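J.: Below are the structure tokens for one structure; questions will follow.
Quick note: the coordinates plus some simple rules give every number you see, no bench work behind them. Cβ placement follows ideal geometry from the backbone for every residue including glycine, while neighbour counts extend to all protein chains displayed.
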Amino acid sequence: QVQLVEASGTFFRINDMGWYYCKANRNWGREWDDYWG
Amino acid sequence: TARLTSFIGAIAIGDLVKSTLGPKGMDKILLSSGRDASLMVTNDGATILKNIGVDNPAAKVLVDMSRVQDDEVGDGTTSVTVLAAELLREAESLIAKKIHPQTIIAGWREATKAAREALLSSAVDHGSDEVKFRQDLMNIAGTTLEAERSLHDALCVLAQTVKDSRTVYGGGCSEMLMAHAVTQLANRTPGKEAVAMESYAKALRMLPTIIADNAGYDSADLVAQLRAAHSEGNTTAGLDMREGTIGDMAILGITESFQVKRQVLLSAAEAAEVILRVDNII
Amino acid sequence: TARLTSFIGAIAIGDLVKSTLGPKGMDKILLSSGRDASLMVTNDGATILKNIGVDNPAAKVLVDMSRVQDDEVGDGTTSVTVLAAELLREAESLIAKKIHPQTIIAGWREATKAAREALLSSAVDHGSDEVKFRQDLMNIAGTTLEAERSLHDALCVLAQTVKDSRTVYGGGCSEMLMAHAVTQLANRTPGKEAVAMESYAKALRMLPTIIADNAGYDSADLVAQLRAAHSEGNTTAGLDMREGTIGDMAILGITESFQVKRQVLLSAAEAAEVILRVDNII
Amino acid sequence: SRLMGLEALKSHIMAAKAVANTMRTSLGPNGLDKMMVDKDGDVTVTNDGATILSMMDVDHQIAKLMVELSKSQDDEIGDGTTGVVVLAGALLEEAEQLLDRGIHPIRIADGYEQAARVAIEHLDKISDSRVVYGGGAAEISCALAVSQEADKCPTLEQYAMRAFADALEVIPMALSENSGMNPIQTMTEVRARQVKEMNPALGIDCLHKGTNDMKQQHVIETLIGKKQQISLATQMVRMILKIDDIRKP
Amino acid sequence: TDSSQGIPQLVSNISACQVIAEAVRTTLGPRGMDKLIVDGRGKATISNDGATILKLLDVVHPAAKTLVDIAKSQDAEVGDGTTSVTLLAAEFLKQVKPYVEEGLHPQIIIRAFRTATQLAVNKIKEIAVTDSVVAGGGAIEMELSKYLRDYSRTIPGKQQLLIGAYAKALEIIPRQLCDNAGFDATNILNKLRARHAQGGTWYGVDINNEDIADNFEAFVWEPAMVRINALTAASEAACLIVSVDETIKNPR
Amino acid sequence: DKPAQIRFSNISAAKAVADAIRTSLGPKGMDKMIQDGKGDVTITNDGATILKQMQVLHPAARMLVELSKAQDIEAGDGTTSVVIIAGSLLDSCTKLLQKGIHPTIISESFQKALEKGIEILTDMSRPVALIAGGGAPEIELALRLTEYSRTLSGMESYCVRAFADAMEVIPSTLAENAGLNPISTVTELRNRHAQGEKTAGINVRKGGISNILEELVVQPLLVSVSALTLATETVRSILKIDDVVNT
Amino acid sequence: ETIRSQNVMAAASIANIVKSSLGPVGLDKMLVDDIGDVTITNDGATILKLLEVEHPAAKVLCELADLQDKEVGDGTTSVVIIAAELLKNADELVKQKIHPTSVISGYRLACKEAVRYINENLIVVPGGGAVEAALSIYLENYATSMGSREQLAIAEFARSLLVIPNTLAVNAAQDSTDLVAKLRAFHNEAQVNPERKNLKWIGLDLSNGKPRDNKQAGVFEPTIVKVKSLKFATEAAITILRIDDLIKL
Ligand SMILES: Nc1ncnc2c1ncn2[C@@H]1O[C@H](COP(=O)(O)OP(=O)(O)O)[C@@H](O)[C@H]1O
Ligand SMILES: Nc1ncnc2c1ncn2[C@@H]1O[C@H](COP(=O)(O)OP(=O)(O)O)[C@@H](O)[C@H]1O
Ligand SMILES: Nc1ncnc2c1ncn2[C@@H]1O[C@H](COP(=O)(O)OP(=O)(O)O)[C@@H](O)[C@H]1O
Ligand SMILES: Nc1ncnc2c1ncn2[C@@H]1O[C@H](COP(=O)(O)OP(=O)(O)O)[C@@H](O)[C@H]1O
Ligand SMILES: Nc1ncnc2c1ncn2[C@@H]1O[C@H](COP(=O)(O)OP(=O)(O)O)[C@@H](O)[C@H]1O
Ligand SMILES: Nc1ncnc2c1ncn2[C@@H]1O[C@H](COP(=O)(O)OP(=O)(O)O)[C@@H](O)[C@H]1O
Ligand SMILES: [Mg+2]
Ligand SMILES: [Mg+2]
Ligand SMILES: [Mg+2]
Ligand SMILES: [Mg+2]
Ligand SMILES: [Mg+2]
Ligand SMILES: [Mg+2]
């Protein structure tokens, strides 16, 4: 789905980018989309 | 596509029912049959609609909406046909100036809202004090009068008046007042909906113009005098159809039942809209 | 009799000089000769009048009145031709509605009085404080710019500005303001002279309509936004001919010399009247 | 055999462009109605299908083919049957200018097939409930997708991939029309916004509510109710774009 | 049209057969343009098969009628190859019109569609491979053409430019196979001819991609017997329409 | 009324002075017999003279003929590609006008594209500077402007795309005159440009596309930049022209 | 119709005018003057310097024919015939979407690979119809072993070179198809069979109706006449092909 390097994949958008691990909310985030490092 | 086939039929059904509008309205003679050759002369405006053969399909939406105003109200059958046809005659102009029929409708909706909100504030509920109520009913019965036919019409109007005791003046006071309030609104709306509300107002001022064009008076002058009287605070002026001037419609005893006038406005605007949002006739 | 032979010539001389009105005005190409075949493209509005062969006799009263505005003022040669032709285009309508050409004139006289009395109150005399005066002159020189021809025009306008330091905004502010004041007058005059002042106003609102129709914008919408801004107290709105919206003509630095605008109005109304009171061409 | 060939696909397209141009003025909520008038009837309806399509248009046996194929959309996949006639009309109207260049109809059909594969391959990226957000916004997120992949095709299909992009933007151009808006200006001013800020939910506000963001206006389209429009229209073009003759004894 | 007797009648029959083939040509191939033929009941029939178009078509011309009967006869017993037969027949007729406008005479054109056709079925029965199969999608009409012209070069007499026109009239099956897919025939056919000159007796038009492809390896196969029957039926239809001199329409 | 017929009596009199010079473009350019009024007929394949002696008589036709003169006094050898450009830009303006957008928007969006075109034809360039001729400076224009018309808003990103699509005419005529299939080779050229190759273009001697620049003619920028500039100037001048008035 | 077929028809007309007076035995023509002074003559070398040709294509053909005549005073009536036959076949080619340039490249290749094989027929050239009927087969074999967009313009340069043997046999009352095809059946077993390599001198006989060996019968023709004729007919066909429009002033 989403490969993240510390981002790429089947994404049309990047809503928020944070550091936890690097977190990126890819699509409209309904808690279904959640990608970390 | 029918931007004319569905508009000239409407303005024709409301172009032959006019000239019978005011008190001194012309007549029409109904050559009906070919063998039982019958001549009946009609100063009425509803008989010329329940009798003629409607050929155009858009015209049906007016001829079958006048029955509503006639069998569910009584008086106000030639004013919701003529108002609808002079709304659909200014529509034709706006749609020829490349304005979309879906902005004219959105404009006329706010226009009829500001108009219904305008003759409501000017209604007088004299039904409380029954010494004037007796008087008012006589004015509303005189502004409504084959004999028993007209009498039944007057009875329906009077019944609606006793139910809703609010009364608004007639002869041009109500139409000119609503047109003034619609122009006062169209002077404050930014967008193409202002050319539609000004057009709505120009259509409302066509009822007194036709009431004067039927008594020989100088309508282009009396209607301007009304528009000025109704634009400098005075709100009770109106055609004095006894000497061809403008008179106080309160001291002259020319009143109409608020329900009849509001339903005339509503049915006219609704029919004009229903015939507006029609491209093709299948 | 000439109610058309002496009106369509005028609206034609002012129907080919338009579309070159605003900043982003179209051009015209003058095929002049047959042997010395010459092609000159003109974004100007005065060259298309001092060059064309005027055939209609009524048209002469416009083509020889534009020279006045061009050799005695400088700027304001396409706006007193287009204003006169859209006054004589609404005249044709009023004279087709059976209104006499001697009431249209009496109406337009009070209309131009109430208009000249309207951009006079809105003029700003910043010529006193010469720190803005230096700025104003730059705006008036930018709203006025073959090179030395346009430069001489700008010089005449600037000279008239230093003589009469009153400046009124442009792009539509002045025309829309005068039209608002004329409508505010036409809503208070009883008589057939009101249908003439409303027509005068509709003719004044045709200059910003043509300035927008030349830049591709939605004139039927921008002009309505202007009429609403100028009708709810704001008095400095106007076409912002850089992004197709309405902007404050004060913070945008689009001003015009009050003398040029008032003389445009006066010459336009005077020519329209001089071509109105003409029945026959001998 | 009268009028057969590449001059029979300018008549078949003039025929399937009439049943579409009538249905082009009824898409949005602000869809202008039509009057049903036959030997007996005065119905005023703006909906689709039997209410509009299959009570008219007996001509060229191809309008009868559009109305014959649109029965598959309604009764069967919700009620989205006006968007498939308008989309088919747009695809054929672009094929009209693709044929003038000299592209064999089969090639245009393969191009539309590839572009529909790309579009349906892009709609399923925007399932947000099962659901693709947008009144006029789903057809602008795909037109942007099949325009990029167009230039990655080296054959003549590339032209068809671009015509499919240019025709997918007709749904959010009859939504701009049928209202008091300008079709091109409004369609583009929201197409340039799905790029330069990634939000495929931005679409035409047919209702003048004010926000050009169909995510909050809550105007939605069921996904299988859009995977059909993009498919049933292409499967309708590829049946009208490939028949070469109408013989009538 | 004259259509009186001799050259005029033959040209008329040839034009009628051209029309009846042109009404089916685009249907040839796996993916071919459909046809919307409507009967007298208002039914819309979309069918991309030459058999079901000739059985639903009004044949009111005699030569066209005979061609359509031979095509239906091929469709009845064999099945496959009812539009390739009429295509080959009308092409054989089209490519001898320029020679029948002179006084070449049909009796001689008939002793060119029977020697050449016998030789071509011999070549098929000699080159077929195993039930016996030959590579379709062209790759035969592009080989039988190369063989027939290379053999006609060794014929002293009038049959040289008639077999050489019989051969050239076989290139239509590998032509409209790619003209229906829209593949710029004058290039794929040039490649096929160049590739059949050197070698490649099974190289024919490919439909998945605009290029020649060895059709035997690609398993696009055609039964040798079916090809022989189609060739013989097409040649016999040609000879029939070439052997017709007048149309004796009974007055009543 | 008159505007919408004098923007289509010029765009149909300039688009008929381009489809009389079009198939004379390139090394393998078809000749064109020229029938003089006396009667003798001469044969030339250069568009300069055909325009020189043509008896155009139309305002826009003359505007386009005086464009060849300006182009050969400014760059020397562009005298039939600039006319083809400024006739296909007007072809595109014929469809952009039926849509209903105003000529003062297809005149401020061409200069919005020409200024980007200037910055596309100065990146291909090999700084000596020279640009890879043959069709590259136009397929690259089409591709890059179509990519750039997707970042533009309003009526702007509808005429810039028409600019790009009208650039694909000189490659089409060069491919036709070279005996190729124009549409197929133009699509292959665009697919070869998107993949990075900027030197591509119709090699007319071989008879097909080529990347090696040794036998791929290279031209100065001045000719291509001048062609774009003068063609955009001329189409802007023709679009903003209505009402041919006789004085 | 286009103005390329008109040029082809003009060249064909002047051909048909000259082509019945080709061989040693050939009928005459009468050239009516302005006053009416008639000159009856064969030997088209004069029929081309006296014919009233007004069409531009016929004019260019006459100019190149006279250029050839003054270069070498022989083979000027065969240049016109070969050129008009090249033009006929090139028009038939162009009328099936073969650009005139591909046909011109094909004619260049053929005229360049024909004089590089006439130098395998030279000793002088056998003459009669030998070189033509030999180049026919050689070029029909060389075309297929190339496979380019111009592989069809060399096989219409090989079947259009046998217009000389095909009009040298109607001007001898023998035949058109039979005699030329016996000629093109002897030259086949001179490029297929290596033993019978001396069958490449077998031209045709204009006295009897049967092809004979034009080396054992002394009917030679100088090589620089046949080469010049093929090289001028090719340039004539090319010059009339590269025009595609007539500009009216
Ligand atoms: N005496 C009167 N003076 C002035 N106006 C009148 C008088 N009587 C009727 N009217 C006006 O004439 C209009 C037409 O009414 P009428 O024709 O009687 O019935 P309907 O309302 O059905 O047309 C009404 O709007 C009313 O205001
Ligand atoms: N930059 C600008 N922005 C808005 N309006 C302008 C601008 N420049 C000129 N105008 C308007 O264009 C109108 C036409 O002026 P112009 O054609 O330049 O000379 P003339 O006044 O002789 O027609 C003027 O009324 C002016 O208000
Ligand atoms: N409130 C709305 N705002 C914007 N677009 C809408 C709205 N409601 C529906 N649409 C759009 O209208 C189109 C559907 O047209 P419709 O009349 O429903 O056709 P059908 O007859 O096929 O149901 C779709 O593109 C849909 O996205
Ligand atoms: N997959 C394929 N690839 C290439 N050619 C094919 C293919 N399938 C069929 N063909 C060719 O198409 C021709 C026509 O066959 P078709 O029209 O399908 O049936 P029929 O042989 O009855 O006409 C045949 O000669 C065959 O060689
Ligand atoms: N060797 C070549 N290969 C490909 N294209 C060429 C070649 N030489 C010139 N061109 C093209 O020809 C066009 C120049 O026009 P041209 O026909 O040379 O004008 P003129 O008619 O004055 O000769 C340009 O598009 C250029 O790319
Ligand atoms: N005696 C002959 N027998 C056979 N062929 C001949 C004879 N004389 C001439 N020919 C052929 O006729 C052809 C045409 O020659 P002709 O038209 O008479 O003069 P030109 O050489 O000027 O064309 C020549 O190519 C030649 O080979
Ligand atoms: Mg009443
Ligand atoms: Mg100025
Ligand atoms: Mg729906
Ligand atoms: Mg089969
Ligand atoms: Mg050059
Ligand atoms: Mg000789």
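J.: Hey, among D:109, D:119, which residue is in contact with a helix residue (DSSP H, G or I) (Cβ under 6 Å, 6 or more places away or on another chain) and either within 16 Å of ligand 12 (Cβ to nearest atom) or more than 14 Å from chain E (Cβ to nearest Cβ) (or both)? Walk me through how you get there before you give the answer.
T.: Numbers: D:109 fails: either within 16 Å of ligand 12 (Cβ to nearest atom) or more than 14 Å from chain E (Cβ to nearest Cβ) (or both).
On inspection, the qualifying residue turns out to be D:119.
J.: Quick check: anything in segment F:145-162 buried (at least 20 other Cβ atoms within 10 Å of the Cβ) and more than 12 Å from every other protein chain (Cβ to nearest Cβ)?
T.: Looking for residues that are buried (at least 20 other Cβ atoms within 10 Å of the Cβ) and more than 12 Å from every other protein chain (Cβ to nearest Cβ), one finds at least one in segment F:145-162, hence yes.
J.: Here are D:210, D:180: which of them is within 14 Å of chain B (Cβ to nearest Cβ), small (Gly, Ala, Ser), crowded, with 19+ Cβ neighbours inside 10 Å and farther than 28 Å from residue F:165 by Cβ?
T.: Working: D:210 fails: crowded, with 19+ Cβ neighbours inside 10 Å.
Matching residue, one of D:210, D:180: D:180.
J.: Regarding segment G:58-78, can at least one residue be identified that is within 14 Å of another protein chain (Cβ to nearest Cβ) and more than 17 Å from the chain's Cα centre (by Cα)?
T.: So far as segment G:58-78 goes, yes, one or more of its residues are within 14 Å of another protein chain (Cβ to nearest Cβ) and more than 17 Å from the chain's Cα centre (by Cα).
J.: Across segment B:1-50, what is the number of residues that are among the aliphatic types (A, V, I, L, M) and assigned to a loop (DSSP other than H, G, I, E, B)? Outline the logic, then answer.
T.: Step one: of segment B:1-50, the residues among the aliphatic types (A, V, I, L, M) are B:2, B:4, B:8, B:10-13, B:16-17, B:21, B:26, B:29-31, B:37, B:39-41, B:46, B:48-49.
With the extra rule that they be assigned to a loop (DSSP other than H, G, I, E, B), the set shrinks to B:2, B:4, B:16-17, B:21, B:26, B:30-31, B:37, B:39-40, B:46, B:48-49.
Within segment B:1-50, residues that are among the aliphatic types (A, V, I, L, M) and assigned to a loop (DSSP other than H, G, I, E, B) number 14.
J.: Continuing with this model, one more query. Can you run down the residue pairs with Cβ atoms below 7 Å, 6 or more apart or on separate chains, where the first is in segment E:19-35 and within 16 Å of ligand 6 (Cβ to nearest atom) and the partner is assigned to a strand (DSSP E or B) and of a type outside the set (D, E, K, R)?
T.: none
J.: With the requirement that a residue be in a loop (DSSP other than H, G, I, E, B) and among the acidic types (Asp, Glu), what does segment G:178-204 give you?
T.: Result: G:195, single match.
J.: Output the residue which, of all residues in segment G:58-105 that are away from ligand 12 (no atom under 16 Å from the Cβ) and part of a loop (DSSP other than H, G, I, E, B), is surrounded by the fewest Cβ atoms within 10 Å (Cβ to Cβ).
T.: G:96
J.: Could you list, in sequence order, the residues of segment F:1-31 that are over 21 Å from residue F:63 (Cβ atoms) and within 20 Å of the chain's Cα centre (by Cα)?
T.: F:23, F:26, F:27, F:28, F:29, F:30, F:31
J.: If you take the residues of segment E:218-249 that are under 30 Å from residue E:127 (Cα atoms) and of a type in the set (D, E, K, R), which of them is farthest from ligand 6 (Cβ to nearest atom)?
T.: E:222
J.: In addition: So which helices (runs of 4 or more DSSP H) are wholly in segment D:120-238 and hold at least 1 residues that are farther than 30 Å from residue B:105 by Cα? Full working, then the answer.
T.: Details: elements: D:138-150, D:157-168, D:171-174, D:183-194, D:214-217.
Counting at least 1 such residues, we get D:138-150, D:157-168, D:183-194.
J.: Being crowded, with 19+ Cβ neighbours inside 10 Å and part of a loop (DSSP other than H, G, I, E, B) is the filter here; which residues of segment F:190-247 pass it?
T.: Matches in segment F:190-247: F:198, F:199, F:200, F:201, F:204, F:216, F:240, F:242, F:243.
J.: From G:245, G:175, grab the single residue that is surrounded by fewer than 24 Cβ atoms within 10 Å (Cβ to Cβ) and more than 22 Å from residue E:160 (Cβ to Cβ).
T.: Criteria check complete, one pass: G:245.
J.: Among the charged types (D, E, K, R) and within 8 Å of another protein chain (Cβ to nearest Cβ) - does that describe any residue in segment C:231-245?
T.: Yes, segment C:231-245 contains a residue that is among the charged types (D, E, K, R) and within 8 Å of another protein chain (Cβ to nearest Cβ).
J.: Among the residues of segment B:265-282, is any over 17 Å from the mean Cα position of the chain (by Cα), among the charged types (D, E, K, R) and within 14 Å of another protein chain (Cβ to nearest Cβ)?
T.: Within segment B:265-282, one or more residues are over 17 Å from the mean Cα position of the chain (by Cα), among the charged types (D, E, K, R) and within 14 Å of another protein chain (Cβ to nearest Cβ).
J.: Inside segment C:51-91, can you point out the residues that are surrounded by 21 or more Cβ atoms within 10 Å (Cβ to Cβ) and either among the hydroxyl-bearing types (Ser, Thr, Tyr) or not in a helix (DSSP H, G or I) (or both)?
T.: Once the filter is applied, which keeps residues that are surrounded by 21 or more Cβ atoms within 10 Å (Cβ to Cβ) and either among the hydroxyl-bearing types (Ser, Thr, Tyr) or not in a helix (DSSP H, G or I) (or both), segment C:51-91 yields C:66, C:74, C:75, C:76, C:77, C:78, C:79, C:81.
J.: Separate question: Go through segment E:21-50 and give me each residue that's hydroxyl-bearing (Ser, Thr, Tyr) and at the interface with chain D (Cβ under 7 Å from one of its Cβ atoms). Show your work before the answer.
T.: Restricting attention to segment E:21-50, the residues satisfying the condition of being hydroxyl-bearing (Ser, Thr, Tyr) are E:26-27, E:45, E:47.
Passing the criteria: only E:26.
J.: Name the residues in segment F:48-90 that are more than 16 Å from ligand 11 (Cβ to nearest atom), touching a strand residue (DSSP E or B) at 6+ places or on another chain (Cβ under 8 Å) and within 14 Å of chain G (Cβ to nearest Cβ), would you?
T.: F:53, F:54
J.: I've got another one for you. Within segment G:116-148, track down each residue that is within 14 Å of the chain's Cα centre (by Cα) and part of a loop (DSSP other than H, G, I, E, B).
T.: Once the filter is applied, which keeps residues that are within 14 Å of the chain's Cα centre (by Cα) and part of a loop (DSSP other than H, G, I, E, B), segment G:116-148 yields G:127, G:128, G:129.
J.: Would you mention how many residues in segment D:54-102 are part of a helix (DSSP H, G or I) and among the charged types (D, E, K, R)?
T.: Matching residues across segment D:54-102 total 6.
J.: Could you please give the count of residues in segment C:48-80 that are within 14 Å of chain F (Cβ to nearest Cβ) and either touching a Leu at 6+ places or on another chain (Cβ under 8 Å) or among the aliphatic types (A, V, I, L, M) (or both)? Write out each step before concluding.
T.: We begin by selecting, within segment C:48-80, every residue within 14 Å of chain F (Cβ to nearest Cβ); these are C:48-55, C:59, C:63, C:78.
Narrowing the set further to residues that are either touching a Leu at 6+ places or on another chain (Cβ under 8 Å) or among the aliphatic types (A, V, I, L, M) (or both) leaves C:48-49, C:51-52, C:54, C:59, C:63, C:78.
Of the residues in segment C:48-80, 8 are within 14 Å of chain F (Cβ to nearest Cβ) and either touching a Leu at 6+ places or on another chain (Cβ under 8 Å) or among the aliphatic types (A, V, I, L, M) (or both).
J.: Has segment B:118-128 got any residue that is more than 16 Å from ligand 8 (Cβ to nearest atom), over 21 Å from residue B:146 (Cα atoms), in contact with a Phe, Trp or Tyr (Cβ under 9 Å, 6 or more places away or on another chain) and within 14 Å of chain D (Cβ to nearest Cβ)?
T.: Checked against the condition, which is being more than 16 Å from ligand 8 (Cβ to nearest atom), over 21 Å from residue B:146 (Cα atoms), in contact with a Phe, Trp or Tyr (Cβ under 9 Å, 6 or more places away or on another chain) and within 14 Å of chain D (Cβ to nearest Cβ), segment B:118-128 yields no hits at all.
J.: If you check every pair at least six apart or on different chains, which have Cβ atoms under 7 Å apart with a residue in segment C:171-190 that is charged (D, E, K, R) first and a residue that is in a helix (DSSP H, G or I) second?
T.: Within 7 Å, the pairs are C:175/C:204; C:175/C:207; C:175/C:208; C:188/B:228.
J.: Out of all the residues in segment F:16-29, which are within 11 Å of ligand 5 (Cβ to nearest atom) and buried (at least 19 other Cβ atoms within 10 Å of the Cβ)?
T.: F:21, F:22, F:23, F:24, F:25, F:26, F:28, F:29
J.: Which residue is farthest from the other protein chains (Cβ to nearest Cβ), if the candidates are limited to segment F:167-180 and must be out of contact with any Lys or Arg (no Cβ under 9 Å at 6 or more places or on another chain) and more than 17 Å from residue D:102 (Cα to Cα)?
T.: F:170
J.: Something else: Go through chain A residue by residue and tally those that are under 9 Å from the mean Cα position of the chain (by Cα), assigned to a loop (DSSP other than H, G, I, E, B), surrounded by 15 or more Cβ atoms within 10 Å (Cβ to Cβ) and not basic (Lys, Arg).
T.: 5
J.: Then there's this: Condition first: facing chain B (nearest Cβ under 7 Å), more than 16 Å from ligand 2 (Cβ to nearest atom) and under 17 Å from the mean Cα position of the chain (by Cα). Can you find one or more residues in segment D:24-34 that meet it?
T.: From segment D:24-34, those facing chain B (nearest Cβ under 7 Å) are D:25, D:30, D:32-34; that's our starting set.
Those still in the list that are more than 16 Å from ligand 2 (Cβ to nearest atom) too: D:25, D:30, D:32-34.
Filter again for under 17 Å from the mean Cα position of the chain (by Cα), leaving D:25.
Looking through segment D:24-34, at least one residue is facing chain B (nearest Cβ under 7 Å), more than 16 Å from ligand 2 (Cβ to nearest atom) and under 17 Å from the mean Cα position of the chain (by Cα).
J.: Check whether at least one residue in segment C:175-185 is within 14 Å of chain F (Cβ to nearest Cβ), in contact with a helix residue (DSSP H, G or I) (Cβ under 7 Å, 6 or more places away or on another chain) and among the acidic types (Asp, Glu), and report yes or no.
T.: No: segment C:175-185 contains no residue that is within 14 Å of chain F (Cβ to nearest Cβ), in contact with a helix residue (DSSP H, G or I) (Cβ under 7 Å, 6 or more places away or on another chain) and among the acidic types (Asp, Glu).
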